[PDB]
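Read the structure below first, then the notes.
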Amino acid sequence: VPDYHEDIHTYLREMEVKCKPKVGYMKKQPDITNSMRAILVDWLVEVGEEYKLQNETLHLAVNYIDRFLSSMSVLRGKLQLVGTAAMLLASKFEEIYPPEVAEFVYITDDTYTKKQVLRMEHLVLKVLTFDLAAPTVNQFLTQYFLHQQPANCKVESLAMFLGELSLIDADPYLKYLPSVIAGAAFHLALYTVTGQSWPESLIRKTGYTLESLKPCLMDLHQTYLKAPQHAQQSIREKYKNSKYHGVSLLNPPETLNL
Amino acid sequence: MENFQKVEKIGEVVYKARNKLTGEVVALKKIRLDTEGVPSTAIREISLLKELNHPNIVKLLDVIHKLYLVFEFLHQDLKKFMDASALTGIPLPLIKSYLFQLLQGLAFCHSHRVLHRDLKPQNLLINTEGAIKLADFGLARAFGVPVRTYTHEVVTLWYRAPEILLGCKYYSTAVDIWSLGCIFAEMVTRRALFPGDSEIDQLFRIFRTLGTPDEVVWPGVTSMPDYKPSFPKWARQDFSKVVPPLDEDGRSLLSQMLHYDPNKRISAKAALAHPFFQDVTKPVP
Ligand SMILES: NCCSc1nc(NCc2ccc(-n3cccn3)cc2)c2[nH]nc(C3CCC3)c2n1
């Protein structure tokens, strides 16, 4: 293993605590709700598919939105402008070929002007004090995938699917750190596809036992069981593609036997 | 901006300036914002330098909305120091100090999941007290474990690693080590190791010095997208001819920094432990 893998993991574990949004922020937002956030995140999943953006870009955009809404009151009519600026910034940070501003305007169907998107970009940068290099569920998942005995494309696709569903529902997923969500998503995907469990090598790397992951796992199991009923369906549609081994079509396990 | 007196243009725009209230001498990096808003290069440089607090990385002091990045000022870059030392040469202990410090800076970048991707002498800043610092993080990227495909058009040609020239799907930390190997040789011999004038000339300059790589030296090389079985097969030159002034330890380290196979090329952290650095000191230029 490269001699900086452990250093990066230790650093990302420090930064995920510093980049965490305020867990109870939505109760202090006078005009927006968890449901309007779910609608915005589901919409960004679709924007990502339309522009063939990385999963990481979507995860970063959600981190930026939750951090912005942690300190700034936003009316429902402007929530999509925050999301659009977040996705533009996430794209500039993470993408080889970020979509142009005129494309972000087009994808809002001219709800906002170019000037509005560029002014919101400045404001998001100011509120986040240019701290864009946030750890994501995705960054922990790709590290955890190196511990597979052996590597299984369905396990990887299903763990990504599960980590993505967590983005939609601020209740309960804002209670958990990205490293913990990734741990639950990886265990649940492994167990579903192969009947294997959270491996000893990841217990040593992370210090997480299956027991420490249990609260998050129980939440993520319910999310998985109820996904076909959720009002938001863009992530299920995405993970039906052959790109993702159609993993969203698999049956969730009935019990986890924890 | 009213608190800064521009002294002069030092790069291109970077100005030497003075804080009118505190007297602090700074470098102002002006980024023009004119139709896509804040450039990705500025967003990456600011966000990544905020996590890269190290004695061998240039300090970002402030950001002001135009967009001005306020940095610490250093008196000279390694390119101008090299030009000034072309007749004398850089003393061996100072070459060793500078490489040791560049590797400390780069090891810190890699340990914080940052690729520099433009290490060349003009981006390496020196002060009057014998420090050298990595600068210009406009081409840098936060990388993932493991990497995915990143921008292909990276590193100034003379300092560009063979896995980029041959179009590997994946590159990572090893590309920075390649650039520093080139810079090490350049400090020793007083000229660019691989001064290519095109991608093909750059590759052939590498092949003529280190030997045309084969499946034993670099497993997978003959399958790489821009590899051609018609490439001439040159033999490897003896490092006694490539870097004549360099001792056995120097030659061992340079050869490990220029390994063809990125998976075998020495890491910044392992380079710091090499016996070449056993007697390292911090002379003043
Ligand atoms: N590529 C080198 C030019 S860009 C540069 N140079 C610096 N210092 C070297 C220098 C000083 C004065 C002169 N000079 C005087 C009269 C005319 N030229 C030229 C070179 C810097 N110190 N700190 C920086 C921050 C990192 C981003 C800005 C910075 N940049």
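Labels used: A, B, ... for chains in the order of the structure tokens, numbers from 1 for residues in each chain, and numbers from 1 for ligands as shown.
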Give me, as a list in words, the contact residues of chain A against chain B at a cut-off of 8 Å, counting only C-alpha atoms.
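The contacting residues on chain A are residues 3, 4, 5, 7, 8, 11, 92, 93, 96, 100, 101, 118, 121, 122, 130, 131, 132, 133, 139, 142 and 143 of chain A.
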Non-local contacts of residue 201 in chain B (12 Å; only C-alpha atoms; under 6 positions in same chain excluded) as number ranges by chain
B: 157-158, 162, 165, 194-195, 207-208, 231
Compute the set of protein, DNA and RNA residues whose minimum atom distance to ligand 1 is at most 10 Å, using only C-alpha atoms and all ligand atoms, and state it as a PyMOL selection string.
chain B and resi 7-16+25-30+45+57-60+69-81+120-127+133-138
Would you put the residues from that selection into a file with N, CA and C atoms, as a tab-separated table (two decimals), in the first residue's frame?
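Produced file out_22.tsv, reproduced below:
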chain	number	residue	atom	x	y	z
B	7	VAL	N	4.56	47.62	-5.42
B	7	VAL	CA	5.98	48.00	-5.63
B	7	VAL	C	6.32	47.72	-7.11
B	8	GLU	N	6.19	46.47	-7.57
B	8	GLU	CA	6.43	46.12	-9.00
B	8	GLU	C	5.83	44.76	-9.38
B	9	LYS	N	5.58	44.57	-10.67
B	9	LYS	CA	5.19	43.26	-11.28
B	9	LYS	C	6.36	42.28	-11.15
B	10	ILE	N	6.16	41.10	-10.55
B	10	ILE	CA	7.25	40.09	-10.44
B	10	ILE	C	6.93	38.81	-11.24
B	11	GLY	N	5.72	38.64	-11.75
B	11	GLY	CA	5.36	37.44	-12.52
B	11	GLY	C	4.08	37.65	-13.29
B	12	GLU	N	3.80	36.75	-14.24
B	12	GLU	CA	2.59	36.77	-15.10
B	12	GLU	C	2.49	35.45	-15.86
B	13	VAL	N	-1.33	37.79	-12.88
B	13	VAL	CA	-0.22	38.74	-12.57
B	13	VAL	C	0.13	38.69	-11.08
B	14	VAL	N	1.42	38.61	-10.74
B	14	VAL	CA	1.91	38.63	-9.33
B	14	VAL	C	2.67	39.95	-9.15
B	15	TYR	N	2.29	40.74	-8.15
B	15	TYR	CA	3.01	41.97	-7.74
B	15	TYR	C	3.69	41.78	-6.39
B	16	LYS	N	4.88	42.33	-6.26
B	16	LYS	CA	5.47	42.67	-4.94
B	16	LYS	C	4.72	43.89	-4.43
B	25	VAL	N	5.81	43.11	3.70
B	25	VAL	CA	6.01	42.89	2.24
B	25	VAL	C	5.31	41.58	1.86
B	26	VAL	N	4.50	41.64	0.81
B	26	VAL	CA	3.65	40.51	0.35
B	26	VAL	C	3.83	40.34	-1.16
B	27	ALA	N	3.32	39.21	-1.66
B	27	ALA	CA	3.11	38.98	-3.11
B	27	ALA	C	1.61	38.96	-3.34
B	28	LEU	N	1.11	39.83	-4.22
B	28	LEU	CA	-0.32	39.86	-4.58
B	28	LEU	C	-0.48	39.12	-5.91
B	29	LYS	N	-1.26	38.05	-5.90
B	29	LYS	CA	-1.64	37.31	-7.12
B	29	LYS	C	-3.04	37.76	-7.51
B	30	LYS	N	-3.10	38.58	-8.54
B	30	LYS	CA	-4.34	39.13	-9.11
B	30	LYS	C	-4.92	38.08	-10.08
B	45	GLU	N	-6.47	26.42	-5.89
B	45	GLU	CA	-5.27	26.96	-5.19
B	45	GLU	C	-5.62	27.43	-3.78
B	57	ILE	N	6.01	25.11	2.17
B	57	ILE	CA	4.90	25.49	1.25
B	57	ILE	C	4.63	26.97	1.46
B	58	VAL	N	4.54	27.72	0.39
B	58	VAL	CA	4.29	29.17	0.45
B	58	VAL	C	2.98	29.42	1.22
B	59	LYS	N	2.98	30.44	2.07
B	59	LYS	CA	1.80	30.82	2.91
B	59	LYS	C	0.87	31.73	2.14
B	60	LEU	N	-0.40	31.34	2.14
B	60	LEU	CA	-1.50	32.21	1.72
B	60	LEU	C	-1.94	33.01	2.95
B	69	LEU	N	-5.18	37.20	-4.24
B	69	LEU	CA	-4.63	36.29	-3.22
B	69	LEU	C	-3.39	36.98	-2.66
B	70	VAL	N	-3.33	37.10	-1.33
B	70	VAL	CA	-2.19	37.73	-0.63
B	70	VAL	C	-1.32	36.64	-0.05
B	71	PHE	N	-0.07	36.60	-0.50
B	71	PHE	CA	0.92	35.58	-0.10
B	71	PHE	C	2.12	36.21	0.57
B	72	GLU	N	2.84	35.40	1.31
B	72	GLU	CA	4.19	35.77	1.76
B	72	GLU	C	5.04	36.02	0.52
B	73	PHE	N	5.99	36.93	0.69
B	73	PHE	CA	6.95	37.33	-0.36
B	73	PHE	C	8.24	36.58	-0.09
B	74	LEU	N	8.81	35.95	-1.13
B	74	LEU	CA	10.19	35.40	-1.05
B	74	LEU	C	11.06	36.08	-2.10
B	75	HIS	N	12.34	36.28	-1.78
B	75	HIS	CA	13.25	37.12	-2.61
B	75	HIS	C	13.53	36.59	-4.01
B	76	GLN	N	13.55	35.27	-4.18
B	76	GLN	CA	13.96	34.70	-5.50
B	76	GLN	C	13.30	33.35	-5.79
B	77	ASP	N	13.28	32.94	-7.06
B	77	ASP	CA	12.87	31.57	-7.47
B	77	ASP	C	14.13	30.76	-7.83
B	78	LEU	N	14.00	29.43	-7.84
B	78	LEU	CA	15.13	28.50	-8.06
B	78	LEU	C	15.63	28.66	-9.50
B	79	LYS	N	14.79	29.04	-10.44
B	79	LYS	CA	15.24	29.22	-11.84
B	79	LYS	C	16.26	30.37	-11.90
B	80	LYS	N	15.94	31.50	-11.28
B	80	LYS	CA	16.87	32.66	-11.32
B	80	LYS	C	18.12	32.35	-10.49
B	81	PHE	N	17.96	31.66	-9.37
B	81	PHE	CA	19.14	31.27	-8.57
B	81	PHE	C	20.05	30.37	-9.42
B	120	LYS	N	8.44	22.86	-11.11
B	120	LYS	CA	9.56	23.32	-11.96
B	120	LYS	C	10.26	24.45	-11.21
B	121	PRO	N	11.53	24.77	-11.54
B	121	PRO	CA	12.32	25.71	-10.73
B	121	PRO	C	11.64	27.07	-10.53
B	122	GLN	N	10.92	27.59	-11.51
B	122	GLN	CA	10.31	28.95	-11.36
B	122	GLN	C	9.16	28.97	-10.34
B	123	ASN	N	8.69	27.80	-9.89
B	123	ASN	CA	7.58	27.65	-8.92
B	123	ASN	C	8.15	27.25	-7.56
B	124	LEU	N	9.47	27.31	-7.43
B	124	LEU	CA	10.13	26.98	-6.16
B	124	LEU	C	10.82	28.25	-5.67
B	125	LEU	N	10.38	28.74	-4.51
B	125	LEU	CA	10.75	30.09	-3.99
B	125	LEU	C	11.76	29.95	-2.87
B	126	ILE	N	12.76	30.85	-2.88
B	126	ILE	CA	13.87	30.78	-1.89
B	126	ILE	C	13.97	32.11	-1.16
B	127	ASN	N	14.32	32.02	0.13
B	127	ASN	CA	14.50	33.23	0.98
B	127	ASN	C	15.98	33.34	1.35
B	133	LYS	N	10.54	26.80	-0.88
B	133	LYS	CA	9.11	26.53	-0.72
B	133	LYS	C	8.43	26.22	-2.05
B	134	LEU	N	7.51	25.26	-2.01
B	134	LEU	CA	6.61	24.96	-3.15
B	134	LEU	C	5.67	26.14	-3.31
B	135	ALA	N	5.47	26.59	-4.54
B	135	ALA	CA	4.49	27.64	-4.86
B	135	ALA	C	3.73	27.26	-6.13
B	136	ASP	N	2.72	28.06	-6.42
B	136	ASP	CA	1.79	27.97	-7.56
B	136	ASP	C	1.03	26.64	-7.47
B	137	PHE	N	-0.08	26.64	-6.74
B	137	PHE	CA	-0.98	25.47	-6.58
B	137	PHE	C	-2.18	25.61	-7.51
B	138	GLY	N	-2.09	26.46	-8.53
B	138	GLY	CA	-3.12	26.66	-9.56
B	138	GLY	C	-3.36	25.40	-10.42
How far is it from CA of residue 128 in chain A to CA of residue 98 in chain A, in Å with one decimal?
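Computing the Euclidean distance for CA of residue 128 in chain A and CA of residue 98 in chain A yields 20.1 Å.
Close contacts of residue 216 in chain A, defined as residues with an atom at most 8 Å away when counting only C-alpha atoms, with chain neighbours fewer than 5 positions off set aside, comprise residues 176, 180, 181 and 184 of chain A.
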Considering only C-alpha atoms, return as a VMD selection string whatever protein or nucleic-acid residues lie within 8 Å of range 58-68 of chain A, sequence-local ones (same chain, fewer than 2 positions apart) excluded.
chain A and resid 19 to 22 41 44 to 45 48 53 to 56 70 to 72 82 to 83 86 to 87 89 to 90 124 127 to 128 132 134 to 138 164 167
Export of the given selection (N, CA and C atoms) as a short mmCIF file (atom, residue, chain, number, x, y, z; two decimals), in the first residue's frame:
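Written file, out_4.cif:
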data_model
loop_
_atom_site.label_atom_id
_atom_site.label_comp_id
_atom_site.auth_asym_id
_atom_site.auth_seq_id
_atom_site.Cartn_x
_atom_site.Cartn_y
_atom_site.Cartn_z
N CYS A 19 -15.62 19.71 8.78
CA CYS A 19 -16.45 20.08 7.61
C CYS A 19 -17.93 19.70 7.85
N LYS A 20 -18.25 19.12 9.01
CA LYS A 20 -19.61 18.62 9.36
C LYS A 20 -20.55 19.83 9.41
N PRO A 21 -21.73 19.80 8.76
CA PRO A 21 -22.73 20.84 9.03
C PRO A 21 -23.35 20.73 10.44
N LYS A 22 -24.10 21.75 10.85
CA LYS A 22 -24.81 21.76 12.16
C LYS A 22 -25.98 20.79 12.07
N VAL A 41 -31.84 17.69 -3.59
CA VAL A 41 -30.73 16.70 -3.72
C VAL A 41 -31.07 15.71 -4.85
N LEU A 44 -30.38 17.35 -8.02
CA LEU A 44 -28.92 17.42 -8.35
C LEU A 44 -28.43 16.04 -8.85
N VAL A 45 -28.97 14.94 -8.34
CA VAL A 45 -28.64 13.58 -8.86
C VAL A 45 -28.94 13.57 -10.36
N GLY A 48 -26.47 15.71 -12.35
CA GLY A 48 -25.23 14.95 -12.45
C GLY A 48 -25.31 13.92 -13.59
N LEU A 53 -21.53 13.87 -14.61
CA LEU A 53 -20.62 14.32 -13.54
C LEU A 53 -20.34 13.15 -12.63
N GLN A 54 -19.21 13.24 -11.93
CA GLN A 54 -18.76 12.22 -10.97
C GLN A 54 -19.70 12.15 -9.79
N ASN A 55 -19.77 10.98 -9.16
CA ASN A 55 -20.48 10.87 -7.87
C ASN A 55 -19.86 11.83 -6.84
N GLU A 56 -18.54 11.96 -6.84
CA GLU A 56 -17.86 12.83 -5.86
C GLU A 56 -18.41 14.26 -5.96
N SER A 70 -26.44 25.84 7.25
CA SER A 70 -26.06 25.83 8.67
C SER A 70 -25.90 27.28 9.17
N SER A 71 -25.64 28.26 8.34
CA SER A 71 -25.44 29.62 8.91
C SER A 71 -26.27 30.67 8.17
N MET A 72 -26.97 30.34 7.09
CA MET A 72 -27.68 31.35 6.28
C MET A 72 -29.13 30.93 6.13
N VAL A 82 -29.07 28.28 -4.38
CA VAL A 82 -27.97 27.78 -3.51
C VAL A 82 -27.45 26.45 -4.09
N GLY A 83 -28.36 25.53 -4.39
CA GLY A 83 -27.98 24.21 -4.94
C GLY A 83 -27.20 24.30 -6.24
N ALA A 86 -23.76 25.62 -5.64
CA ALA A 86 -23.00 24.57 -4.96
C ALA A 86 -22.48 23.58 -6.00
N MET A 87 -23.35 23.18 -6.94
CA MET A 87 -23.00 22.17 -7.97
C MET A 87 -21.98 22.76 -8.93
N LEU A 89 -19.67 25.05 -8.10
CA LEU A 89 -18.41 25.09 -7.34
C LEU A 89 -17.84 23.67 -7.21
N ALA A 90 -18.68 22.69 -6.88
CA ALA A 90 -18.28 21.28 -6.76
C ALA A 90 -17.67 20.83 -8.10
N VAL A 124 -21.49 31.82 -1.64
CA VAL A 124 -21.20 30.45 -1.10
C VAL A 124 -19.72 30.38 -0.71
N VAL A 127 -19.21 32.31 2.52
CA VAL A 127 -19.81 31.65 3.71
C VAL A 127 -18.98 30.44 4.06
N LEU A 128 -18.48 29.71 3.06
CA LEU A 128 -17.68 28.49 3.32
C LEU A 128 -16.20 28.87 3.52
N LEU A 132 -13.36 24.12 0.40
CA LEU A 132 -14.15 23.26 -0.49
C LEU A 132 -13.67 21.82 -0.47
N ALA A 134 -13.76 19.07 1.08
CA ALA A 134 -14.45 18.36 2.17
C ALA A 134 -14.36 16.86 1.95
N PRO A 135 -14.18 16.07 3.01
CA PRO A 135 -14.33 14.62 2.90
C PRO A 135 -15.80 14.26 2.63
N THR A 136 -16.02 13.21 1.86
CA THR A 136 -17.35 12.73 1.43
C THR A 136 -17.50 11.25 1.79
N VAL A 137 -18.73 10.76 1.80
CA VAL A 137 -19.00 9.31 1.93
C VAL A 137 -18.19 8.59 0.84
N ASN A 138 -18.18 9.14 -0.35
CA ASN A 138 -17.56 8.57 -1.56
C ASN A 138 -16.07 8.35 -1.30
N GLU A 164 -25.36 7.07 -1.61
CA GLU A 164 -26.07 8.16 -2.32
C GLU A 164 -27.49 8.37 -1.72
N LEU A 167 -27.74 10.82 1.14
CA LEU A 167 -27.68 12.26 0.82
C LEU A 167 -29.09 12.88 0.85
#
Out of range 39-96 of chain B, which residues get strand (DSSP E) from DSSP, as a PyMOL selection string?
chain B and resi 60-64+67-72+76-77
Export of prior selection with C-alpha atoms as a compact mmCIF listing (two decimals), in the first residue's frame:
# COMPACT_ATOMS: atom_id res chain seq x y z
CA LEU B 60 -1.50 32.21 1.72
CA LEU B 61 -2.18 35.21 4.05
CA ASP B 62 -5.52 36.56 2.75
CA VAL B 63 -8.09 36.51 -0.06
CA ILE B 64 -9.77 39.76 -1.16
CA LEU B 67 -9.82 38.51 -6.76
CA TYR B 68 -6.43 39.12 -5.02
CA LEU B 69 -4.63 36.29 -3.22
CA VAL B 70 -2.19 37.73 -0.63
CA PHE B 71 0.92 35.58 -0.10
CA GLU B 72 4.19 35.77 1.76
CA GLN B 76 13.96 34.70 -5.50
CA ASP B 77 12.87 31.57 -7.47
Enumerate the residues of range 182-227 of chain B with a DSSP assignment of alpha helix (DSSP H), computed from the backbone, and present them as a ChimeraX atom specification.
/B:182-189,199-210
Mind checking which residues fall within 12 Å of residue 169 in chain A, counting only C-alpha atoms, ignoring those fewer than 3 positions away in the same chain, and posting them as JSON, numbers by chain?
{"A": [26, 33, 34, 35, 36, 37, 38, 39, 40, 41, 42, 62, 66, 162, 163, 164, 165, 166, 172, 173, 174, 175, 176, 219, 220, 223, 227, 230, 231, 232]}
